[PDB]
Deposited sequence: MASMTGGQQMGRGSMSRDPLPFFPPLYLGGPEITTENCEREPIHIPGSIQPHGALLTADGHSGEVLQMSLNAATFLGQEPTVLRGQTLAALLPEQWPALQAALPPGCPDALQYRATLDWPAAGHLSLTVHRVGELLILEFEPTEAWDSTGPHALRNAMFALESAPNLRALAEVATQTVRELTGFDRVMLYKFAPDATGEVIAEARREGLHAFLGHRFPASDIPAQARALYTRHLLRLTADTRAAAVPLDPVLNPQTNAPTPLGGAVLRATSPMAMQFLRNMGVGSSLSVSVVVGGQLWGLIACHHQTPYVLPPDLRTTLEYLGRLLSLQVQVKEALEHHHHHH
């Protein structure tokens, strides 16, 4: 059972209680984007990341109480139509906004709350890349093709296929890596390195990232959803702040930027496409959607090859 988060008197997480960190409700985001939450009926802005002015041109206390009908007149109708009450929380509305300078808008619904993520935005290849995954003659070749394809798409310094054993230990079973990096191929890691609540979250929410492993989280205020007087679920928000314990592991590994995609086989977390960059690095939003698609395609191909 989860500890309370830090803003509800919960303890700072240690290695004795890795699995009890409520990573889905950090009440904070990464600073490379802005997050608002809004009432799913009124469009009233209820919560604001403290950096909202950087991206949206208005202070949190000025955005607070304004409606999405006022703030996003061109998107609000489509947004309402796209994400009705009771729709799946995996369902996304996506728009490209003109900003005086594009801004990618990603929206999902959790209960009666809309969660709005704003971050800056920037097939012949992909088709051949899919056919390459399809064409791999065994699981090892599939793993190698998948890591090299993702490295070519992203430019990440390292792309690993990280496979879970039945005891939830992990192993790097393939990797594409920059010249000069030390090999992790064949290295195994304890189950606690990706604790049980992270594995559960990653079965439902298939991509997460840390753009800068040194960056302080930006608070969401007010931190509790005024609808519920309870924490705002951020498991479906790519801007969600990462566990400080996970961020520290990456810094100690010389990793400035991390991104992973779930590999899901018969509804169980099989592994991760796990990416590192030495330098902080914001993967463009369009490249993430492509990487989510490849994760789904890889998941289907892994299920087939392992039966053999």
Give the ranges of the deposited sequence, numbered from 1, for which the structure holds no C-alpha coordinates, in sequence order.
-> 1 to 20, 122 to 123, 145 to 150, 337 to 343
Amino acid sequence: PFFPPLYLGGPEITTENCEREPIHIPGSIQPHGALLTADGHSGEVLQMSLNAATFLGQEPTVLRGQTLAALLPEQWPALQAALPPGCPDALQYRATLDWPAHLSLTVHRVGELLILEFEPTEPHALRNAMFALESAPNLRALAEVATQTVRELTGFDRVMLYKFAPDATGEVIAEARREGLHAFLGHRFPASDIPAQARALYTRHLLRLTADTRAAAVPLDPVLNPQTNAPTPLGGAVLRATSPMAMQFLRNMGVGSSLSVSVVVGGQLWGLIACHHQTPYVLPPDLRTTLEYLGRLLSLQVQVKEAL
From here on, numbers count along this sequence of modelled residues.
Going by the average Cα B-factor in the PDB entry, point out whether 84 to 92 or 226 to 234 comes out higher.
-> 84 to 92
Taking the recorded C-alpha temperature factors, which stretch has the higher mean, 141 to 149 or 154 to 162?
-> 141 to 149
C-alpha B-factor winner, where the candidates are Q58, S260, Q248, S42 | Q58
So among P244, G271, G266, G254, who wins on Cα B-factor in the entry?
-> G266
Please place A53 in the lowest, middle or highest third of its chain by C-alpha B factor as given in the entry.
-> highest
For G295, the third of its chain into which the C-alpha B factor falls = highest
Could you say whether, by C-alpha temperature factor, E171 belongs to the lowest, middle or highest third of its chain?
-> lowest
In terms of the chain's CA B-factor thirds, is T67 lowest, middle or highest?
-> highest
Could you look up the Cα B-factor of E19 in the entry and say which third of the chain it sits in: lowest, middle or highest?
-> middle
